[PDB]
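Heads up: the structure comes next, in structure tokens.
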Amino acid sequence: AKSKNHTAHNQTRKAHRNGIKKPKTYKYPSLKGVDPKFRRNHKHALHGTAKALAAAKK
Amino acid sequence: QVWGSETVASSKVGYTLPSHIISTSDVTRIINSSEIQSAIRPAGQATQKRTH
Amino acid sequence: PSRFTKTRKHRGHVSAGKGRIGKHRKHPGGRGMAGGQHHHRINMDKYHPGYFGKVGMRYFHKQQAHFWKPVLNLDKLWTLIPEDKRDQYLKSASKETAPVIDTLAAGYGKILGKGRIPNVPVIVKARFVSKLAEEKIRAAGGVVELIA
Amino acid sequence: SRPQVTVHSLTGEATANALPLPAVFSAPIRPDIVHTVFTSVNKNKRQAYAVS
Amino acid sequence: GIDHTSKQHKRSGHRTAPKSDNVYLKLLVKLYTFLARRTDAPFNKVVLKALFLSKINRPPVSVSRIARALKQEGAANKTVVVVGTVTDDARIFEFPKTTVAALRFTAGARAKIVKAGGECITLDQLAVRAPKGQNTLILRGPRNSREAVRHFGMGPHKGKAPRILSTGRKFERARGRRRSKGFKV
RNA sequence: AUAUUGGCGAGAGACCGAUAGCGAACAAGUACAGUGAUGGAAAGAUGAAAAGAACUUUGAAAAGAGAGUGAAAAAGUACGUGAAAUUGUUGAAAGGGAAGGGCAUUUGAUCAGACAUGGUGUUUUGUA
RNA sequence: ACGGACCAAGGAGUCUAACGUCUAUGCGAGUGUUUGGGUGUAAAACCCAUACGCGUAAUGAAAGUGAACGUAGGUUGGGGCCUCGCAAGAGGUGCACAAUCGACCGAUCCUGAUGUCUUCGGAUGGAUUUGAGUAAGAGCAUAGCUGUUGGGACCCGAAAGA
RNA sequence: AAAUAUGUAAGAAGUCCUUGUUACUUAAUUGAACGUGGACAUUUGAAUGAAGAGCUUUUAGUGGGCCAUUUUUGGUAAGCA
Ligand SMILES: [Mg+2]
Ligand SMILES: [Mg+2]
Ligand SMILES: [Mg+2]
Ligand SMILES: [Mg+2]
Ligand SMILES: [Mg+2]
Ligand SMILES: [Mg+2]
Ligand SMILES: [Mg+2]
Ligand SMILES: [Mg+2]
Ligand SMILES: [Mg+2]
Ligand SMILES: [Mg+2]
Ligand SMILES: [Mg+2]
Ligand SMILES: [Mg+2]
Ligand SMILES: [Mg+2]
Ligand SMILES: [Mg+2]
Ligand SMILES: [Mg+2]
Ligand SMILES: [Mg+2]
Ligand SMILES: [Mg+2]
Ligand SMILES: [Mg+2]
Ligand SMILES: [Mg+2]
Ligand SMILES: [Mg+2]
Ligand SMILES: [Mg+2]
Ligand SMILES: [Mg+2]
Ligand SMILES: [Mg+2]
Ligand SMILES: [Mg+2]
Ligand SMILES: [Mg+2]
Ligand SMILES: [Mg+2]
Ligand SMILES: [Mg+2]
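For the protein sequence lines, the chains are A, B, C, D and E, in the order given. Going by the entry's author numbering, the first sequence opens with residue 2, and the numbers climb by one from there. Going by the entry's author numbering, the second sequence opens with residue 260, and the numbers climb by one from there. Going by the entry's author numbering, the third sequence opens with residue 2, and the numbers climb by one from there. Going by the entry's author numbering, the fourth sequence opens with residue 2, and the numbers climb by one from there. Going by the entry's author numbering, the fifth sequence opens with residue 2, and the numbers climb by one from there.
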């Protein structure tokens, strides 16, 4: 017995029923996926400045 | 001895009489404590007048 | 109890909450754990990853008595002193009077150094102790006596 | 300071002795908790019934 | 007809008049619902909502947590408000002389507070002391530390504690969890 | 120390209430079917006490009409209470190849309440 | 298109073992008396010791190892609180929570100190690796709706098999 | 090379100024990223509307579809696919 194969009817209605939500962007986006050589430096740079602020504000 | 008090043991191992979550059960007296009266704002007339 | 069951609320409605088309048949998908490597593959992998297959090495005649080794952290090990003497020892923080804590009697096998015991020298006896756990103990002036 | 409790005699006339409250009468009164506890404990004296 | 933009007759979705039938708790709600109506202090409105919360939404607050808050700058003499229960913590050794208000104090926690020179206060006694929350401090226990939250949102590449009765070897540590056996997650 | 839908003797139930509960509350593993192994029902209730209708009359008789017992024969051995389907009689109504229904009203039948209030007051008796 | 001539009575998501989310209650780093013992107005109620169950530590196949550099970290946003200000606002403190970078424990790959039964021990310090972890505990028990599985399993139904 | 559809932006998580960190980078206080401190507030950066905004857990039913305008495939066509 044959049957309907594929259709996109009612799909946009279904998607828009709950709305198409924006990805809810954030401040400080994750550093996941950026070059690791930059990270290993970036880790020490933030470590260094943290010490500098701690001593200066002390 | 059976139930204990603030001065004696309850005779049941590790048992203490339960404690109240509210000091008193008369909320109206507290509401008329007047420490609250000073802090509170003046009241309406309990039946808002039908406007328009 | 029955009188709060939605069955009482389903009286008079022909499908009893099971719908018209699909109905409530006997076992549409199979019984029990059927279809793990089949039509029920999607649920099994998404919600129970690692179910199928063998990973470790077999242990024959495993007695769960050799492995009895309760763990103790350093934030505890002062509860093991009764409240009556706890205040006395804490204020009388000195050697030649250090309280003896038999962790084995309390039912513990190893001491783990989670951290921050006070500076009171104490004497604790345990079957095992981790490295950092003891370093915190003797930094306070205490010592550990190994027992069995 | 539990106020007092007058003691009566078998002949119906109050005696000289008076006793303080046993400090258990000041426990919180919880109709909800008693209702739930009563519902369960009342089931303890029951005999099983079943059709053959 | 009306081309409705949003769902009609939709509930607010926020719990009011808590479903617990604790008569003493309802009196406390009765007290604060009067305060928040006629005091305009944001403290009262916060406390009133906090009385409605369920058990998981009212996590226990340790006395050690109390010590941390009091260690904040300029907060030693503040009054601590805990809408919930306060649990004793043996991991702490020094306790200040603060005063705290909470629905319930565990026997250990109440003894610790009293032994430190402070006093345990019920919420109503706070109301007479601070009708508008003069010099107060509200603390909330951790919500994500619950065991049930571990399994929430389980899925591929999430690492969210798959629900299981018995743990150990050969319990979901096979094909689908390591690349030696099929794939890893 | 443990088991026990069997046997014997006991005590109980937020159990069931004659289409339930054992198949069986009754002359139930009975009546009954099958060559046979086997299969297997239905069926409780007048009334306090039969006091179960003496007697008269019509009829061949069964019975009927009286009489009588009974607190009640609207309890008469087809017997507590006696519903519905279905039927008879009486009464009302409508009806030109359905009836039944919804809104409104005419017509007919039938049905409740409101009509003291307190009071001016004594033109008054039982004089208050 | 199927069932329904009519009426009365009967008649179909229950119970249990184990559980998931949510809610209520008690207690709270503990929690659970009722296996059992004592007691009794006697299957009720009341009382009780030791263990045990779950939780307070995880990670490895395993041998094994084992959670603070620091105000238990930094940054961003935070209800509320505090100070100033009539207010507007300004500043401080900012729990829960959200994002991100770090810190500690386990596994894997490295580096290989002091020493030595010279092959043992693994100090120190790293790594686009990994964990269902730590980072001032939240859990235990009872009950309730709903949902799941095994059970006759919502009720009635085979052709067969022994 | 259209029309209709479609991505991005229209700020405080912004702009500008100064100098701190780093094992990264540069010939190099050269850069990069993150910062300290300083300055610019409701006309704070187009229109309109916001009915509250954001977020989590759990579960029911469903998983045979059909029709109309327009675009369009096979078929002569079909109340055809
Ligand atoms: Mg289909
Ligand atoms: Mg195809
Ligand atoms: Mg319906
Ligand atoms: Mg349903
Ligand atoms: Mg159906
Ligand atoms: Mg289905
Ligand atoms: Mg309308
Ligand atoms: Mg024959
Ligand atoms: Mg009668
Ligand atoms: Mg009768
Ligand atoms: Mg009769
Ligand atoms: Mg009839
Ligand atoms: Mg004719
Ligand atoms: Mg046919
Ligand atoms: Mg059919
Ligand atoms: Mg038919
Ligand atoms: Mg019926
Ligand atoms: Mg325990
Ligand atoms: Mg024990
Ligand atoms: Mg277990
Ligand atoms: Mg941080
Ligand atoms: Mg079941
Ligand atoms: Mg069958
Ligand atoms: Mg565009
Ligand atoms: Mg679905
Ligand atoms: Mg589905
Ligand atoms: Mg289907």
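Ideal Cβ positions, reconstructed from N, Cα and C, are used throughout, including at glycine.
Problem set entry | Proximity test, Cβ basis, 8 angstroms: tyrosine 25 of chain E and chain D | yes
Exercise. Which chain B residues are close to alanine 28 of chain D, counting only those with a beta carbon under 7 angstroms from its beta carbon?
Worked result: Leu276 and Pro277
Problem set entry | For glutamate 146 of chain C, the residue or residues it bridges with in DSSP | C/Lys126
Exercise. Can you tell me the Cα-Cα spacing of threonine 137 of chain E and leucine 276 of chain B, whole angstroms?
Worked result: 30 angstroms
For this session: Find the residues of chain E that neighbour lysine 47 of chain C, judging by a C-beta separation of less than 7 angstroms, and give them in chain order.
Result: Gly156 and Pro157
Exercise. Based on the DSSP output, what are the partners of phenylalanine 106 of chain E in its beta bridges?
Worked result: E/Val87
For this session: State yes or no: is the C-beta of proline 32 of chain D within less than 8 angstroms of the C-beta of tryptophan 262 of chain B?
Result: no
Problem set entry | Beta carbon proximity, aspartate 22 of chain E to chain D, threshold 8 angstroms | yes
For this session: Can you have a look at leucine 73 of chain C and say buried or exposed, based on whether 16 or more other CB atoms are within 10 angstroms of its CB?
Result: buried
For this session: Note the first and the last residue of the continuous alpha helix (DSSP H) segment covering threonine 40 of chain D.
Result: 32-42
Exercise. Between which two residues does the alpha helix (DSSP H) carrying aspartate 46 of chain C extend?
Worked result: 42-48
Exercise. Can you find a heavy atom of ligand 27 that lies under 7 angstroms from the Cβ of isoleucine 30 of chain D?
Worked result: no
Exercise. Quick one, which of C/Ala107, C/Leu78, C/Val125 and C/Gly110 has its alpha-carbon nearest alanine 99 of chain C's?
Worked result: C/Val125
Problem set entry | Closest by C-alpha distance to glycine 14 of chain E, when choosing among E/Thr86, E/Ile3, E/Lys50 and E/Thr34 | E/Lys50
Exercise. Under a criterion of Cβ closer than 7 angstroms to any non-hydrogen atom of ligand 4, which residues qualify, in chain order?
Worked result: C/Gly18 and C/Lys19
Problem set entry | Cβ separation of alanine 102 of chain E and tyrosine 52 of chain C, assumed to be a contact under 8 angstroms, to the nearest whole Å | About 50 angstroms; that fails the 8 angstroms criterion.
For this session: Have a look at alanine 17 of chain C and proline 2 of chain C and give me their C-alpha separation to the nearest angstrom.
Result: 19 angstroms
For this session: Within 10 angstroms of the Cβ of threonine 40 of chain D, are there 16 or more other Cβ atoms? Answer buried if so, exposed if not.
Result: exposed
Exercise. Per DSSP, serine 63 of chain E forms a beta bridge with which residues?
Worked result: E/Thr88
Exercise. Taking 7 angstroms as the line, does the beta carbon of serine 31 of chain A fall inside it for any heavy atom of ligand 1?
Worked result: no
Exercise. Taking contact to mean at least 3 C-beta pairs separated by less than 8 angstroms, is the stretch 6-22 of chain D in contact with the stretch 135-144 of chain C?
Worked result: no
Problem set entry | Sufficient close CB pairs (3 or more, under 8 angstroms) joining the stretch 35-54 of chain E to the stretch 64-71 of chain E | no
Exercise. If we count Cβ pairs, one from each stretch, closer than 8 angstroms, do we get three or more for the stretch 25-43 of chain E versus the stretch 288-302 of chain B?
Worked result: yes
For this session: Would you kindly check if the distance between the Cβ of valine 115 of chain E and the Cβ of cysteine 121 of chain E is under 8 angstroms?
Result: yes
Exercise. Can you give, in chain order, each stretch of the alpha helix (DSSP H) that sits fully within the stretch 26-61 of chain E and has at least 4 residues?
Worked result: 43-53
Exercise. Would you say the stretch 94-111 of chain C touches the stretch 37-50 of chain C, given that touching needs at least three Cβ pairs under 8 angstroms?
Worked result: no
Exercise. Are the beta-carbon atoms of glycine 142 of chain E and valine 62 of chain E separated by less than 8 angstroms?
Worked result: yes
Exercise. With DSSP run on the structure shown, which of helix, strand or coil describes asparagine 18 of chain D?
Worked result: strand
Problem set entry | Residues of the stretch 293-306 of chain B whose Cβ lies closer than 9 angstroms to any Cβ of chain D, in chain order | none
Exercise. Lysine 113 of chain E to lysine 10 of chain C, Cα distance in whole Å?
Worked result: 52 angstroms
Exercise. To which residues of the same chain is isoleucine 112 of chain C closer than 6 angstroms at the C-beta, ignoring the five residues directly before and after it?
Worked result: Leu73, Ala127, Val130 and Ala134
For this session: State the DSSP-derived secondary structure class of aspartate 76 of chain C, mapped to helix, strand or coil.
Result: coil
For this session: Return yes when the Cβ of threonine 283 of chain B is within less than 8 angstroms of the Cβ of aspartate 22 of chain E, no when it is not.
Result: no
For this session: Kindly indicate the opening and closing residues of the alpha helix (DSSP H) around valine 286 of chain B.
Result: 286-290
Exercise. Mind checking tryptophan 79 of chain C: buried by the 16 CB within 10 Å criterion, or exposed?
Worked result: buried
For this session: Taking only heavy atoms of ligand 3 into account, decide whether any of them is closer than 7 angstroms to the Cβ of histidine 14 of chain C.
Result: yes
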